[PDB]
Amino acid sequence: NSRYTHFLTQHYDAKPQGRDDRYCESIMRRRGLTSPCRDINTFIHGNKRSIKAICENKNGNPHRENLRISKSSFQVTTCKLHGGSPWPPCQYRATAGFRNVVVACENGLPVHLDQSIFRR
């Protein structure tokens, strides 16, 4: 279940404080997403068990072809790449949000975040 682990690395941050541009620039580095700079990436906050619950009917509904959509809303932060280059230094604009999320699940664990709902 390294895909679950990969999901957490790319898309989970339990307790941020700020959630500003600087937060994005830092955490995108910390999580290895800056070579090349990922165009857009969203982190989910709070506890893990609520996110795992999306894979059950406890906190999820089936969605489109192969995805799950959460019933609860999550605090999230979307980091969007600013500037012309794919390469570091990666400047990010932060957007804090509060809504449900879309994931793909495998063996009851989230393994993908659908980034499309945050492209705005």
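Numbering starts at 1 and runs along the sequence shown.
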Exercise for the section: Could you check the entry and say whether 53-61 or 69-77 has the higher mean CA B-factor? Expected result: 53-61
Exercise for the section: Could you check which stretch, 84-92 or 41-49, carries the larger mean CA temperature factor in the entry? Expected result: 84-92
Completion exercise
On the chain's distribution of Cα B-factors, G97 falls within the third called lowest
Completion exercise
Chain-relative C-alpha B factor for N1 (record values, thirds): the highest
Completion exercise
So, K15's CA B-factor, relative to its chain, sits in which third? The highest
Completion exercise
Binned into thirds over the chain's modelled residues, the C-alpha B-factor of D21 lands in the lowest
